[PDB]
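Let's start with one chain on its own, the form solved without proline (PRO), as structure tokens.
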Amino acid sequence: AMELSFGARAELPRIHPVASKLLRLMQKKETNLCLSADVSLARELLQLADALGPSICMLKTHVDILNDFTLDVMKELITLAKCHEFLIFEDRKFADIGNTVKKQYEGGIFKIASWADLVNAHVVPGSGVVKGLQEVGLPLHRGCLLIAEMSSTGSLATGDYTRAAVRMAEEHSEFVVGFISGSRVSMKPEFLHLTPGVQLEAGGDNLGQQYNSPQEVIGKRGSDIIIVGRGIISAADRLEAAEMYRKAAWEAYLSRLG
């Protein structure tokens, strides 16, 4: 027991391939920053992934908000992910019975599993939601994140709900590689912690979003990666905002490491 670096956690015996790949590039590029690319145009998604790719360890998408999505766009995006070295995380939020989610994960127009290294899912439906996705994810060598806590005001992902998420992730470690949470929720270093609702300044938006700083999230709460969207995208200089958040989240990591 003791805080292990990202690089050491990447080699843990019970580490998942996807999580190991991420941890390795995080340490290599000194970034634990996940950019939330919430844009409506592919060329916009592709432009941002290329420009900020060197500053991030992951790019989170909402492919269903893209007005001109095509599988050729995802092909191009993967080329950028391979080039700049970052994973692709489709924030799809699987939250239905197992029989429906495996279909939403593999088929349809998006064919998410064909290009998403990671996807997340709400635990509210019971473990069937993980077992259904699994059937599609394991063959494709993918990983899954369980939403244990949420950043929004009024969130019901608390107490027993949060504990249920942890037990579910620890019982499906062959596919679940971590959590979407506001702080460390598992004491097993094989699990990744990704925290959204992050900005340098205090505040939030008028539709429920609440913000905490990188030092608070990574340093005081023990999470691993910060997910930032508007904090970077609405800034006049997006590359400088990216670096600021990268250095913010990385230095907080280093401090907690000792």
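Think of the rigid core as the biggest set of C-alphas that the two forms share within 1.5 Å after superposition. From 1 onward, residues are counted along the sequence shown.
For a rigid core alignment of each structure in 5 other deposited structures of this protein onto the shown form, which stretch has the higher root mean square Cα deviation: 76-84 or 97-105? The stretch that sits farther from the shown form in 5 other deposited structures of this protein is 97-105.
Would you say which of 188-196 and 229-237 moves more relative to the shown form in 5 other deposited structures of this protein, going by RMS C-alpha distance with the core superposed? Comparing 188-196 with 229-237, the larger C-alpha deviation in 5 other deposited structures of this protein belongs to 229-237.
For the higher mean C-alpha B factor in the entry, choose 247-255 or 1-9. Looking at the recorded C-alpha B-factors, 1-9 comes out higher on average.
Between 181-189 and 118-126 (mean CA B-factor, as deposited), the higher: Taking the mean B-factor of the alpha carbons in each, 181-189 is higher.
Using the temperature factors in the entry, find which of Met58, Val63, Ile226, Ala37 has the highest value at its Cα atom. That would be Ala37, according to the entry.
Going by the entry, which third of its chain does the Cα temperature factor of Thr153 land in? CA B-factor rank for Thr153: middle third.
Ranking the modelled residues of this chain by C-alpha B-factor as given in the entry, is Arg238 in the lowest, middle or highest third? For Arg238, the deposited C-alpha B-factor lands in the middle third.
In terms of the chain's CA B-factor thirds, is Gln104 lowest, middle or highest? Answer is lowest: the recorded C-alpha B-factor places it there.
Of the three thirds of its chain by CA temperature factor, lowest, middle or highest, which one includes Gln47? Answer is highest: the recorded C-alpha B-factor places it there.
Where the record places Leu87 (Cα B-factor, split into thirds across the chain): For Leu87, the deposited C-alpha B-factor lands in the lowest third.
There is another form of the same protein, the form solved in complex with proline (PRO); it is not shown, and what comes next is about it.
Quick one: borrow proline (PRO) from its position in the entry with it bound, overlay the C-alphas round the pocket, and report open or blocked for the shown form (blocked = 3+ atoms within 2.4 Å of backbone or C-beta). Here the site is blocked.
My question is simply whether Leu138 lines the interface with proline (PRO) in the entry with it bound - judged by any non-hydrogen atom within 4.5 Å. Result yes; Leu138 sits at the interface with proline (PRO) in the entry with it bound.
Report yes if any heavy atom of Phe175 sits within 4.5 Å of a heavy atom of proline (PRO) in the entry with it bound; otherwise report no. Yes, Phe175 lies within 4.5 Å of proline (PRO) in the entry with it bound.
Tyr105, heavy atom within 4.5 angstroms of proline (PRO) in the entry with it bound: Close contact exists here: in the entry with it bound, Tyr105 approaches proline (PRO) to within 4.5 Å, heavy atoms only.
Touches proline (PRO) in the entry with it bound: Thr162 (any heavy atom, 4.5 Å): Heavy-atom contact with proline (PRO) at 4.5 Å: absent for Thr162.
Only one of these stretches, 68-76, 140-148, 184-192, 165-173, has heavy atoms within 4.5 Å of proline (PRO) in the entry with it bound; which one is it? Single hit among the candidates: 140-148.
For the stretch 186-207, which residues lie within 4.5 Å of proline (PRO) in the entry with it bound by non-hydrogen atom distance? Heavy-atom contacts within 4.5 Å come from no residue here.
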